[PDB]
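Visitor: Pasting in a structure now, in structure tokens, and then I'll have a few things to ask.
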Amino acid sequence: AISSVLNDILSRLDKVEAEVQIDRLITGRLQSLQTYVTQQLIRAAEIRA
Amino acid sequence: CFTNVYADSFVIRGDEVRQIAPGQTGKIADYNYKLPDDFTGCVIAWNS
């Protein structure tokens, strides 16, 4: 995406184009939490054992 | 098939057709005829 900041998209692009950038940022940030939580779930299985 | 259907009827300059398409800008796209962000439908235009 064109920026790491949400408003630096919105104050530049318009509705259908911000929707393209912001879906790149959502897809990757959601992937970042699915990764963090997967790490913590594997790491939880250690601290349990 | 369709739940309800409408035919919105008007006349414009031949160049302003690009402005009718959903998610545009220009006076026609901004001050007189705006199609929504999910416009399910068709734009039909011809020099008359």
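Each chain in the structure tokens gets a letter, A, B and so on, in the order shown; residues start at 1 in every chain, and ligands are counted from 1 in the order they appear.
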Could you name the residues that touch range 22-39 of chain A at 9 Å or less, counting only C-alpha atoms, but leaving out those on the same chain fewer than 2 positions away, as a PyMOL selection string?
Guide: chain A and resi 1+4+6+9+17-20+41-44
Visitor: Selected residues, N, CA and C atoms, written as a PDB file, in the first residue's frame, please.
Guide:
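Output file again-v3.pdb follows:
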ATOM      1  N   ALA A   1       0.799  -1.209   0.000  1.00  0.00           N
ATOM      2  CA  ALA A   1       0.000   0.000   0.000  1.00  0.00           C
ATOM      3  C   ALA A   1       0.845   1.277   0.000  1.00  0.00           C
ATOM      4  N   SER A   4       1.743   3.394   5.378  1.00  0.00           N
ATOM      5  CA  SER A   4       1.405   2.687   6.615  1.00  0.00           C
ATOM      6  C   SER A   4       0.375   3.430   7.480  1.00  0.00           C
ATOM      7  N   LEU A   6      -3.487   5.303   7.781  1.00  0.00           N
ATOM      8  CA  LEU A   6      -4.838   5.169   7.256  1.00  0.00           C
ATOM      9  C   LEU A   6      -5.376   6.470   6.647  1.00  0.00           C
ATOM     10  N   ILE A   9      -3.755   7.659   3.322  1.00  0.00           N
ATOM     11  CA  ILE A   9      -4.572   7.148   2.228  1.00  0.00           C
ATOM     12  C   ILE A   9      -5.783   8.060   2.004  1.00  0.00           C
ATOM     13  N   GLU A  17     -10.773   3.753  -4.265  1.00  0.00           N
ATOM     14  CA  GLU A  17      -9.313   3.617  -4.313  1.00  0.00           C
ATOM     15  C   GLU A  17      -8.727   3.400  -2.908  1.00  0.00           C
ATOM     16  N   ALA A  18      -9.227   4.146  -1.921  1.00  0.00           N
ATOM     17  CA  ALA A  18      -8.955   3.877  -0.516  1.00  0.00           C
ATOM     18  C   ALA A  18      -9.410   2.457  -0.154  1.00  0.00           C
ATOM     19  N   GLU A  19     -10.572   2.019  -0.617  1.00  0.00           N
ATOM     20  CA  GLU A  19     -10.987   0.627  -0.495  1.00  0.00           C
ATOM     21  C   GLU A  19      -9.974  -0.390  -1.052  1.00  0.00           C
ATOM     22  N   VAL A  20      -9.148  -0.041  -2.039  1.00  0.00           N
ATOM     23  CA  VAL A  20      -8.119  -0.953  -2.569  1.00  0.00           C
ATOM     24  C   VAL A  20      -6.868  -0.944  -1.708  1.00  0.00           C
ATOM     25  N   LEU A  41       0.021 -19.354  20.759  1.00  0.00           N
ATOM     26  CA  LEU A  41      -0.626 -20.644  20.987  1.00  0.00           C
ATOM     27  C   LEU A  41       0.379 -21.796  21.010  1.00  0.00           C
ATOM     28  N   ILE A  42       1.371 -21.790  20.122  1.00  0.00           N
ATOM     29  CA  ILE A  42       2.496 -22.728  20.174  1.00  0.00           C
ATOM     30  C   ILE A  42       3.304 -22.504  21.445  1.00  0.00           C
ATOM     31  N   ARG A  43       3.630 -21.256  21.770  1.00  0.00           N
ATOM     32  CA  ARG A  43       4.378 -20.862  22.973  1.00  0.00           C
ATOM     33  C   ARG A  43       3.591 -21.155  24.252  1.00  0.00           C
ATOM     34  N   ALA A  44       2.263 -21.084  24.221  1.00  0.00           N
ATOM     35  CA  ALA A  44       1.414 -21.544  25.314  1.00  0.00           C
ATOM     36  C   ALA A  44       1.535 -23.050  25.534  1.00  0.00           C
TER      37      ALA A  44
END
Visitor: Could you tell me which residues of chain B sit within 10 Å of chain A when counting only C-alpha atoms, and give me the result as a VMD selection string?
Guide: chain B and resid 22 to 25 37 to 38
Visitor: Between CA of residue 8 in chain B and CA of residue 31 in chain B, measure the distance and give it in Å to one decimal.
Guide: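 Rounded to one decimal, the two atoms are 16.1 Å apart.
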Visitor: Can you tell me, as a list in words, what residues are no more than 10 Å from residue 16 in chain B when counting only C-alpha atoms, ignoring any on the same chain fewer than 6 positions away?
Guide: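 After dropping sequence-adjacent residues, the list is residues 26, 27, 28 and 29 of chain B.
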Visitor: Output the selection as a short mmCIF file (atom, residue, chain, number, x, y, z; two decimals), in the first residue's frame - N, CA, C and O atoms for each residue.
Guide:
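Output file result_12.cif follows:
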data_model
loop_
_atom_site.label_atom_id
_atom_site.label_comp_id
_atom_site.auth_asym_id
_atom_site.auth_seq_id
_atom_site.Cartn_x
_atom_site.Cartn_y
_atom_site.Cartn_z
N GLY B 26 -16.13 15.09 -11.07
CA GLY B 26 -16.54 16.01 -12.14
C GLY B 26 -17.97 16.47 -11.85
O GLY B 26 -18.70 15.76 -11.16
N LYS B 27 -18.39 17.64 -12.33
CA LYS B 27 -19.68 18.23 -11.94
C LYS B 27 -20.86 17.26 -12.08
O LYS B 27 -21.75 17.26 -11.23
N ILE B 28 -20.88 16.39 -13.08
CA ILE B 28 -21.99 15.48 -13.29
C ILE B 28 -21.99 14.37 -12.23
O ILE B 28 -23.02 14.07 -11.64
N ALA B 29 -20.80 13.83 -11.94
CA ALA B 29 -20.59 12.87 -10.87
C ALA B 29 -20.77 13.46 -9.46
O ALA B 29 -20.84 12.70 -8.50
#
Visitor: Could you write out, as a ChimeraX atom specification, all the residues of chain A that DSSP marks as helix (DSSP H, G or I)?
Guide: /A:6-10,15-48
Visitor: Output C-alpha atoms for every residue in the selection just made, as a short mmCIF file (atom, residue, chain, number, x, y, z; two decimals), in the first residue's frame.
Guide:
data_model
loop_
_atom_site.label_atom_id
_atom_site.label_comp_id
_atom_site.auth_asym_id
_atom_site.auth_seq_id
_atom_site.Cartn_x
_atom_site.Cartn_y
_atom_site.Cartn_z
CA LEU A 6 -4.84 5.17 7.26
CA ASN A 7 -5.58 8.88 6.83
CA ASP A 8 -2.58 9.46 4.50
CA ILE A 9 -4.57 7.15 2.23
CA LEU A 10 -7.99 8.78 2.81
CA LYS A 15 -13.69 6.03 -1.84
CA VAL A 16 -13.16 3.13 -4.35
CA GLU A 17 -9.31 3.62 -4.31
CA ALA A 18 -8.95 3.88 -0.52
CA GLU A 19 -10.99 0.63 -0.49
CA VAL A 20 -8.12 -0.95 -2.57
CA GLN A 21 -5.29 0.32 -0.36
CA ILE A 22 -7.10 -0.36 2.93
CA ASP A 23 -7.83 -3.99 1.88
CA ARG A 24 -4.07 -4.45 1.43
CA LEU A 25 -3.52 -3.08 4.98
CA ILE A 26 -6.37 -5.15 6.47
CA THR A 27 -5.20 -8.38 4.72
CA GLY A 28 -1.67 -7.97 6.08
CA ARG A 29 -2.57 -6.68 9.58
CA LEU A 30 -5.06 -9.56 10.00
CA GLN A 31 -2.25 -11.88 8.85
CA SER A 32 -0.03 -10.19 11.52
CA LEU A 33 -2.48 -11.09 14.33
CA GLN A 34 -3.11 -14.63 13.01
CA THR A 35 0.69 -14.96 13.16
CA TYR A 36 1.11 -13.40 16.64
CA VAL A 37 -1.73 -15.50 18.11
CA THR A 38 -0.39 -18.67 16.39
CA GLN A 39 3.05 -17.97 17.92
CA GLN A 40 1.46 -17.43 21.34
CA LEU A 41 -0.63 -20.64 20.99
CA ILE A 42 2.50 -22.73 20.17
CA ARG A 43 4.38 -20.86 22.97
CA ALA A 44 1.41 -21.54 25.31
CA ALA A 45 1.82 -25.27 24.61
CA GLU A 46 5.44 -24.94 25.93
CA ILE A 47 4.65 -22.97 29.12
CA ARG A 48 1.86 -25.50 29.81
#
